[PDB]
């Protein structure tokens, strides 16, 4: 079987869960922030030095880092390659956007939105400026590629990540209308993939309560 160790309102976990839903993959979900889930990772803590969540357990194969989990699930499962194309150039655009999310978009958004929620970290003007730069960059990338989704004309695993990062801004009532291509993309995602957005919305609601 497949088991996902996850944080119920963690954007990386929510990215992986959208992929599992899109691919129709049965799995056990362990929310490590829910009740006894805290201890349900003890069976493999020496194996994740980073205290790594999410972690995917595919029939004994343990894999961390949400980007790598998504790249693995999409290559190994599914009837076609549309969410992670095999063509090297098409794939490179997906891989680029996944790197952009990890290094820049979700890096700066998460530091401004979530870190102050759950830590003694402070929101600052500099953190706000970096959030604006990340949104500028994403708006420009959408304009440059010229397609409906972040790495193609249809959804890919890059969108699964970028959506959960953008949701962090919504969770704190951050107005994204200054980035019209990002706003249009986000609304289009929700309209065309309601069962995927539904997963992310459940996490958003938890975050709004503890904003």
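Residue numbers count along the first chain shown, from 1.
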item	value
Greater mean Cα temperature factor according to the PDB record, 122-130 or 67-75	122-130
Average Cα temperature factor in the PDB entry - higher stretch of 77-85, 133-141	77-85
Identity of residue with top Cα B-factor, from 58, 170, 159, 33	33
Peak C-alpha temperature factor (PDB record), options 165, 150, 182, 45	45
Position of residue 15 among the chain's modelled residues by C-alpha B-factor, lowest, middle or highest third	lowest
